[PDB]
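# Summary of structural features
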Amino acid sequence: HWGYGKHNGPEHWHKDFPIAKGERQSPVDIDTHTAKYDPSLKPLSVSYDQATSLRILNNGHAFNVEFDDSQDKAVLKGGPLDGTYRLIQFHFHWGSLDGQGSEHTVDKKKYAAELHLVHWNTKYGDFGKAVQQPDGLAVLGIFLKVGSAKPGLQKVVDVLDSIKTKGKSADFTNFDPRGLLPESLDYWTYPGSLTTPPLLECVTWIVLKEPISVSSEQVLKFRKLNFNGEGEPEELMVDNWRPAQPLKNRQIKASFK
Ligand SMILES: NS(=O)(=O)Nc1ccc(S(N)(=O)=O)cc1
Ligand SMILES: NS(=O)(=O)Nc1ccc(S(N)(=O)=O)cc1
Ligand SMILES: NS(=O)(=O)Nc1ccc(S(N)(=O)=O)cc1
Ligand SMILES: [Zn+2]
């Protein structure tokens, strides 16, 4: 069905998911000069010391590293968030070339890729119930640029050959997501949505200002994945990003001055 091709890409999504033209859609361009420092923001807290990864899956749109979220582990709190949000999975969006790939942009600049660490508000019980609330999710977005290799990303890169096609999964335990974070937690935040259908508007976006560096070799392996399932014509999993959407009645807040 929906995808990133000419006949099922972002421009077509609204037909089956009308919210695609909603009032708080993501991603968006982050105009750094218009963004305003917000003193009401509390310190951001990323506590992944107890994170328990379980599996990695090629879902035909990207690959998800899934976590066991049945217990109070790997949580995000503070910042613009009220309460605790639990990590359920992370994935990336990337391009066919280093010059594009990210969903959010900074002053219209597109990064090579973008990491999304997905969390759900614990007050709602689980992910399913959370996506029915305006503040059900919190996604920590991190930009990727091509340069030095990111050591903490290699284990992910080396398992991709086992989940080349749609529907394939593989055991992926003991992966520490702390190895994917930049040094600084400075960020921009705004109310948005999921960037892929169903495009639900339940996300508080927290996009870090400092990008992490990954090597050309690492991202090239991302590009070897397939959108298609085994035995079908090969279509490389590249450019699986949605372009910036209208900001509409929203303001982007900065955690730094
Ligand atoms: N969300 S959407 O992009 O409109 N969904 C969609 C778009 C195109 C087709 S198809 N394969 O052309 O019939 C099927 C589903
Ligand atoms: N809830 S869990 O079984 O521990 N883990 C889990 C992790 C990820 C997803 S999903 N399908 O990515 O939303 C669903 C469940
Ligand atoms: N695929 S889903 O079950 O709706 N969950 C989901 C989770 C996160 C995002 S995103 N790209 O981080 O906005 C999009 C969809
Ligand atoms: Zn995403």
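## Focus on the pattern of salt bridges
Working definition: two side chains of opposite charge can pair if their charged atoms are close together. Here the structure, examined in full by the defined rule, presents five salt bridges. Across the salt bridge formed by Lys-248 and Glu-23, the nearest N and O atoms sit 3.1 Å from each other. Within this pair, whereas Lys-248 is found in the loop between α3 (216–222) and β15 (253–254), its partner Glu-23 is found in the segment before β1 (29–30), the two being separated by 225 residues in sequence. Assessed through its relative accessible area of 37%, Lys-248 is described here as partly exposed. The exposed category is assigned to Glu-23, whose relative accessible area is 53%.

## Points about the packing of aromatic side chains
Summed over all chains, the structure comprises 15 aromatic pairs. For the ring pair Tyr-4 and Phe-227, a centre distance of 6.1 Å and an interplane angle of 15° mean the geometry is stacked. Residue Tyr-4 is found in the segment before β1, and its partner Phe-227 is found in the loop between α3 and β15; the two are separated by 223 residues along the sequence. The same class applies to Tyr-4 and to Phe-227, which are both buried. Arranged with centres 5.9 Å apart and planes meeting at 70°, the rings of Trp-188 and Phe-256 form a pair that is edge-to-face. Here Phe-256 lies in the segment after β15 and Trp-188 lies in strand β12 (residues 187–192), a separation of 68 residues in the sequence. What makes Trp-188 buried here is its relative accessible area of 5%. Taken together, the aromatic side chains of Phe-63, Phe-67, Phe-90, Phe-92, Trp-94, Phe-172, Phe-175 and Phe-222 make up a single cluster linked through ring pairs. For the cation-ring pair, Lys-109 lies above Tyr-111, with the distance from its terminal atom to the ring centre recorded as 3.5 Å.

## Looking at the coordination of the zinc ion (ligand 4)
Ideal values differ by geometry: the angle at a metal is 109.5 degrees with four tetrahedral donors, but 90 or 180 degrees with six octahedral donors. The coordination sphere of the zinc ion (ligand 4) contains the protein donors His-91 (NE2), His-93 (NE2) and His-116 (ND1), at a distance range of 2.0 Å. Overall, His-91 belongs to the buried group, its relative accessible area being 11%. By relative accessible area, which is 2% here, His-93 ends up buried.

## Observations concerning the UniProt feature "active site" in the chain
UniProt's entry tags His-61 with the feature "active site", counted in the numbering of this structure. Mapping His-61 onto the fold places it in the loop between β4 (53–58) and β5 (63–67). Not counting chain neighbours up to four residues away, the residues in contact with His-61 comprise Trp-2, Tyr-4, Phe-227, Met-237 and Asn-240.

## A closer look at the side chain of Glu-114
Inspection of the secondary structure puts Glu-114 in strand β9 (residues 113–121). Among buried charged residues, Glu-114 stands out as having no salt bridge; its nearest opposite-charge side chain is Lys-109, 10 Å away. Residue contacts for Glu-114: discarding those within four places in its chain leaves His-91, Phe-92, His-93, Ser-102, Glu-103, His-104, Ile-142, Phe-143, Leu-144 and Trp-205.

## Here we look at the UniProt feature "binding site: substrate" in the chain
As annotated in UniProt, the feature "binding site: substrate" corresponds to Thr-195 and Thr-196 in the numbering used here. For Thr-195, the location among the structural elements is in the loop between β12 and β13 (203–208). The class of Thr-195 is buried, set by a relative accessible area of 6%. Not counting residues within four places of it along the chain, the set of residues in contact with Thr-195 comprises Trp-13, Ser-26, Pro-27, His-93, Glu-103, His-116, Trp-205 and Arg-242. Engagement of the side chain of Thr-195 in a polar contact is seen with the side chain of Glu-103, the distance being 2.6 Å. Structurally, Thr-196 is set in the loop between β12 and β13. In contact with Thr-196, other than residues within four places in its own chain, are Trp-2, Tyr-4, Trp-13 and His-93.

Rules of the game
- Residues numbered from 1 in each chain as written, not as in the entry; some residues may be left out.
- Chains lettered and ligands numbered in written order.
- Heavy atoms only, no water.
- Salt bridge = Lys/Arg side-chain N within 4 Å of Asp/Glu carboxyl O.
- Helix = DSSP H or I, 4+ residues; strand = E, 2+ residues; numbered from the N terminus.
- Buried < 20%, exposed > 50% of the residue type's maximum accessible area, 1.4 Å probe, protein only.
- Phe/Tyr/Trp six-rings, centres within 6.5 Å; stacked < 30°, edge-to-face > 60°.
- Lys NZ or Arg CZ within 6 Å of the ring centre and 35° of its normal.
- Donors = N, O, S within 2.8 Å, 3.2 Å for Na, K, Ca; no water.
- UniProt positions renumbered as here; feature names shortened; annotations may be inferred.
- Contact = heavy atoms within 4.5 Å.
- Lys, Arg positive; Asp, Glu negative; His and termini not counted.
- Polar contact = N/O pair within 3.5 Å; in protein donor to acceptor, adjacent residues only side chain to side chain.

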